[PDB]
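Participant: Got a structure for you, written out below as structure tokens; questions coming shortly.
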Amino acid sequence: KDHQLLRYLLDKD
Amino acid sequence: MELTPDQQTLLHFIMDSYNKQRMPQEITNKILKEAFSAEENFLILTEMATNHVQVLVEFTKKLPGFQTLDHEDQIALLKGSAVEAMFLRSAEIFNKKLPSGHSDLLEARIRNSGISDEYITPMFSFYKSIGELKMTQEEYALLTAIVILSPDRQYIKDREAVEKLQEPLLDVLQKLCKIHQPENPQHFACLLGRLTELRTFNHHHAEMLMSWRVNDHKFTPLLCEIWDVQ
Ligand SMILES: O=C(O)c1ccc(NC(=O)[C@H](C2CCCCC2)n2c(-c3ccc(Cl)cc3)nc3cc(F)c(F)cc32)c(F)c1
């Protein structure tokens with residue numbers, strides 16, 4: 001959403 | 001008073017994670033090598049800043065307990081510290097000892113990189129304030145982790161959970177300070193004092209990128225998210 005990319009980097013792995 | 005075994009494990013673990021960062025020499029060898037235009041420098045800034053965030057996210061996920069925090073609090077900590085962590089790392093690189101007159105040249109290069117005049121003095125005043133404390137690599141590493149795990153950020157819902165993670169880092173840092181500097185019993189406190197001046201760089205971070213002396217300000221989607229630009 002707002003921090004889509006940041007949320008992705010944190011939720012991957 | 002000496003680091004406990006738990007504290008020595010914590011410290012070495014923070015050091016390893018901190019060590020996964022771009023070699024300072026890579027950054028300074030390039031800036032010193034030759035003069036670039038404000039345009040080439042703006043591009044170097046955006047690529048360095050995009051890589052810095054990516055590494056910071058990885059460093060942060062490794063901080064003991066960070067993954068147990070509420071997900072929304074995890075984003076709020078990362079978003080709230082990313083720019084401060086960037087300046088702290090820039091301050092570290094700036095105060096690394098270089099051959100004769102190199103830091104003068106590095107300083108002249110950064111001054112004429114394209115950044116606006118209104119941001120030069122505060123920036124060099126901060127980098128200088130940092131260099132005065134003559135920090136070690138363990139101090140830079142711990143201070144970065146303490147900056148990230150700041151429970152007094154905005155949008156943090158569960159502050160006491162963040163406090164619990166930040167406290168062991170403050171305790172290890174305090175002990176290192178009371179060793180690296182027995183003659184400066186104010187070293188721990190000045191390191192914490194710098195963290196306050198660092199928060200001032202948050203106020204105008206978006207404008208620092210926007211007022212760069214280039215015809216156009218193109219940023220990466222990730223940078224747009226972290227800095228507050230479009
Ligand atoms: O990941 C990393 O390890 C990393 C390290 C350093 C930077 N920083 C940079 O590249 C920029 C350059 C970028 C190219 C132009 C010169 C400044 N930079 C800034 C600055 C100025 C202004 C703003 Cl807004 C942000 C930062 N201050 C610096 C002081 C220095 F000693 C230096 F060597 C580089 C410095 C970074 F992004 C990432």
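By order in the structure tokens, chains are A, B, ...; within a chain, residues start at 1; ligands start at 1, following the order shown.
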Hey, which residues come within 8 Å of ligand 1 if we count only C-alpha atoms and all ligand atoms? Could you give them as JSON, numbers by chain?

Facilitator: {"B": [21, 22, 23, 24, 27, 28, 31, 41, 42, 43, 44, 45, 46, 47, 48, 49, 50, 51, 52, 53, 55, 86, 87, 89, 90, 91, 92, 93, 94, 95, 106, 107, 109, 110, 111, 113, 114, 115, 123, 127, 205, 208, 209]}

Participant: Give me every alpha helix (DSSP H) residue in segment 9-215 of chain B, going by DSSP on the backbone, as a PyMOL selection string.

Facilitator: chain B and resi 9-18+24-33+38-61+71-94+102-111+120-132+137-148+159-180+187-203+205-210

Participant: Tell me, as a PyMOL selection string, which residues lie within 12 Å of residue 216 of chain B, counting only C-alpha atoms; anything in the same chain fewer than 3 positions away does not count.

Facilitator: chain B and resi 38-40+42-43+209-213+219+230

Participant: Please provide the set of residues having any atom within 8 Å of residue 194 of chain B, restricted to only C-alpha atoms, with same-chain residues fewer than 4 positions apart removed, written as a compact mmCIF listing (two decimals) with C-alpha atoms, in the first residue's frame.

Facilitator:
# COMPACT_ATOMS: atom_id res chain seq x y z
CA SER B 129 30.27 17.09 15.98
CA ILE B 130 30.48 13.31 15.23
CA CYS B 190 27.58 12.97 24.29
CA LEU B 198 20.61 13.70 14.06

Participant: My list of candidates is B:54, B:81, B:215, B:116. Which is closest to residue 6 of chain A when distances are computed with only C-alpha atoms?

Facilitator: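 Answer, going by the shortest atom-to-atom distance: B:54.
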
Participant: Quick one: residues within 6 Å of residue 166 of chain B, only C-alpha atoms counted, chain neighbours fewer than 2 positions away excluded, as JSON, numbers by chain?

Facilitator: {"B": [146, 149, 163, 164, 168, 169]}

Participant: For the residues in the current selection, export N, CA, C and O atoms as a PDB file, in the first residue's frame.

Facilitator:
ATOM      1  N   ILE B 146      20.613   1.396  18.017  1.00  0.00           N
ATOM      2  CA  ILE B 146      19.873   2.203  19.012  1.00  0.00           C
ATOM      3  C   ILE B 146      18.972   3.202  18.309  1.00  0.00           C
ATOM      4  O   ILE B 146      17.865   3.417  18.776  1.00  0.00           O
ATOM      5  N   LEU B 149      15.977   1.119  16.822  1.00  0.00           N
ATOM      6  CA  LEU B 149      15.062   0.689  17.880  1.00  0.00           C
ATOM      7  C   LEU B 149      14.640   1.829  18.829  1.00  0.00           C
ATOM      8  O   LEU B 149      14.584   1.632  20.038  1.00  0.00           O
ATOM      9  N   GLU B 163      11.338  -0.498  23.726  1.00  0.00           N
ATOM     10  CA  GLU B 163      12.182  -0.176  24.870  1.00  0.00           C
ATOM     11  C   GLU B 163      12.944  -1.397  25.316  1.00  0.00           C
ATOM     12  O   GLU B 163      14.160  -1.321  25.450  1.00  0.00           O
ATOM     13  N   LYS B 164      12.247  -2.534  25.497  1.00  0.00           N
ATOM     14  CA  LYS B 164      12.850  -3.809  25.895  1.00  0.00           C
ATOM     15  C   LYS B 164      13.982  -4.254  24.973  1.00  0.00           C
ATOM     16  O   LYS B 164      14.930  -4.890  25.429  1.00  0.00           O
ATOM     17  N   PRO B 168      19.095  -3.383  26.170  1.00  0.00           N
ATOM     18  CA  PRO B 168      20.375  -4.129  26.172  1.00  0.00           C
ATOM     19  C   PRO B 168      21.471  -3.519  25.286  1.00  0.00           C
ATOM     20  O   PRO B 168      22.663  -3.671  25.556  1.00  0.00           O
ATOM     21  N   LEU B 169      21.074  -2.828  24.218  1.00  0.00           N
ATOM     22  CA  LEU B 169      22.033  -2.176  23.330  1.00  0.00           C
ATOM     23  C   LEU B 169      22.625  -0.941  23.992  1.00  0.00           C
ATOM     24  O   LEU B 169      23.844  -0.767  23.975  1.00  0.00           O
TER      25      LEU B 169
END

Participant: Select residues of chain A: the criterion is any atom within 10 Å of an atom of chain B, counting only C-alpha atoms; output as a list in words.

Facilitator: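 Taken together, these residues fit the definition: residues 2, 3, 4, 5, 6, 7, 9, 10 and 11 of chain A.
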
Participant: To one decimal in Å, tell me the separation between atom CA of residue 10 of chain B and atom CA of residue 152 of chain B.

Facilitator: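 Between atom CA of residue 10 of chain B and atom CA of residue 152 of chain B the gap is 22.8 Å.
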
Participant: Let me make sure I understand: among B:172, B:148, B:229, B:14, which one has the smallest atom-to-atom distance to residue 2 of chain B if we use only C-alpha atoms?

Facilitator: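 For residue 2 of chain B, the nearest of the given residues is B:172.
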
Participant: Take atom CA of residue 7 of chain B and atom CA of residue 176 of chain B and report the distance between them in Å, one decimal.

Facilitator: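 According to the coordinates, atom CA of residue 7 of chain B and atom CA of residue 176 of chain B are separated by 10.4 Å.
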
Participant: How many Å lie between atom CA of residue 82 of chain B and atom CA of residue 9 of chain B, rounded to one decimal?

Facilitator: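 Taking atom CA of residue 82 of chain B and atom CA of residue 9 of chain B, their separation equals 25.4 Å.
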
Participant: If we count only C-alpha atoms, what is near residue 192 of chain B at a cut-off of 12 Å, once residues fewer than 4 positions away on the same chain are taken out, given as a short mmCIF file (atom, residue, chain, number, x, y, z; two decimals) with N, CA and C atoms, in the first residue's frame?

Facilitator:
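Final output, result-v4.cif:
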data_model
loop_
_atom_site.label_atom_id
_atom_site.label_comp_id
_atom_site.auth_asym_id
_atom_site.auth_seq_id
_atom_site.Cartn_x
_atom_site.Cartn_y
_atom_site.Cartn_z
N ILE B 130 30.22 14.77 15.22
CA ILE B 130 30.48 13.31 15.23
C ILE B 130 31.95 12.99 15.30
N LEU B 133 33.89 13.21 18.83
CA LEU B 133 33.75 12.10 19.78
C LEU B 133 34.69 10.95 19.50
N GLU B 139 31.00 1.43 18.28
CA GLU B 139 30.14 2.53 18.71
C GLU B 139 29.21 2.94 17.59
N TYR B 140 29.72 3.04 16.35
CA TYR B 140 28.88 3.31 15.17
C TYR B 140 27.82 2.25 15.00
N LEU B 142 26.55 -0.09 17.29
CA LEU B 142 25.57 0.00 18.39
C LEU B 142 24.66 1.23 18.28
N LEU B 143 25.22 2.40 17.97
CA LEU B 143 24.43 3.64 17.80
C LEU B 143 23.42 3.53 16.66
N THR B 144 23.80 2.87 15.55
CA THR B 144 22.86 2.61 14.44
C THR B 144 21.71 1.75 14.93
N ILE B 146 20.61 1.40 18.02
CA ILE B 146 19.87 2.20 19.01
C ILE B 146 18.97 3.20 18.31
N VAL B 147 19.43 3.79 17.19
CA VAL B 147 18.67 4.74 16.36
C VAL B 147 17.45 4.03 15.76
N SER B 150 14.38 3.03 18.29
CA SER B 150 13.97 4.17 19.13
C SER B 150 12.50 4.01 19.44
N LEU B 170 21.77 -0.12 24.65
CA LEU B 170 22.21 1.04 25.45
C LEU B 170 23.17 0.60 26.55
N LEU B 173 26.51 -0.42 25.01
CA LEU B 173 27.19 0.78 24.56
C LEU B 173 27.77 1.56 25.74
N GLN B 174 26.97 1.74 26.80
CA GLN B 174 27.43 2.46 28.00
C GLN B 174 28.73 1.90 28.57
N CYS B 177 31.73 2.72 26.34
CA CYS B 177 32.06 4.13 26.56
C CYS B 177 32.89 4.33 27.82
N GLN B 186 31.67 11.53 30.18
CA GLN B 186 30.55 12.17 29.51
C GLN B 186 30.42 11.65 28.08
N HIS B 187 31.25 10.66 27.70
CA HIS B 187 31.27 10.07 26.36
C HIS B 187 29.97 9.38 26.02
N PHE B 188 29.46 8.54 26.94
CA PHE B 188 28.19 7.88 26.69
C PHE B 188 27.11 8.91 26.45
N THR B 196 20.16 13.28 19.18
CA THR B 196 19.19 14.37 19.17
C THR B 196 19.40 15.32 18.00
N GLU B 197 20.66 15.64 17.70
CA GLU B 197 21.01 16.54 16.60
C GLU B 197 20.72 15.86 15.25
N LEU B 198 20.88 14.54 15.21
CA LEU B 198 20.61 13.70 14.06
C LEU B 198 19.12 13.81 13.69
N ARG B 199 18.21 13.79 14.68
CA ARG B 199 16.76 13.94 14.43
C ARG B 199 16.42 15.24 13.66
#
